[PDB]
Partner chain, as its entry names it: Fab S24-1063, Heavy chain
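Consider the single chain below, provided in structure tokens and representing the form deposited without the partner chain.
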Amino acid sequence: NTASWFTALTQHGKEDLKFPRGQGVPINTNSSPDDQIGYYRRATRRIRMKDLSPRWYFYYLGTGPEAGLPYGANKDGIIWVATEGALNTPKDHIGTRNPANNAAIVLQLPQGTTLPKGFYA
């Protein structure tokens, strides 16, 4: 099974995640500036049905459950982020995580990043 490389953002409001134009890409010192572009995918969970808080997981462009999705496409539960000068190419070489060999990276955002209302890590 596959997984995000990073820990997910939890939603504490009726808001749909959305960053300012140049923010949102989680830090990863082991990737190049060309690779800093992807999407957050919302994951819902119900429990007893009581609906839990939605979590958003980041996947590099061209990987993850929506690997075939071009950057910018409009789909429910998919929002896009990219930092200045990233390449609009699939990041197949980074891929997705296998929890059997690697644990998730703690999601961190660059300094001066503004998280929207009701979103925390």
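Positions refer to the first chain, counted from 1.
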Subject >> Gap size, residue 49 back to residue 48 (deposited sequence, no coordinates) >> reply: 4 to 9
**OP:** Select between 15 to 23 and 102 to 110 the stretch whose C-alpha atoms have the higher average B-factor in the entry.
**Re:** 15 to 23
**OP:** Would you determine, from the values in the PDB entry, which of 4 to 12 and 112 to 120 has the greater average C-alpha temperature factor?
**Re:** 112 to 120
Subject >> Of the residues 84, 66, 92, 35, the one carrying the largest Cα B-factor as recorded >> reply: 84
**OP:** For residue 74, return the chain-relative third of its C-alpha B-factor as stated in the PDB record: lowest, middle or highest.
**Re:** middle
Original post:
Thinking about Cα B factors across the chain, which third does residue 53 belong to?
Top reply: highest
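Another form exists, deposited with the partner chain bound; not displayed. Remarks below refer to it.
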Original post:
Going by heavy atoms, what in 61 to 95 lies within 4.5 angstroms of the partner chain in the bound PDB entry?
Top reply: 71, 72, 82, 83, 84, 85, 86, 87, 88, 89
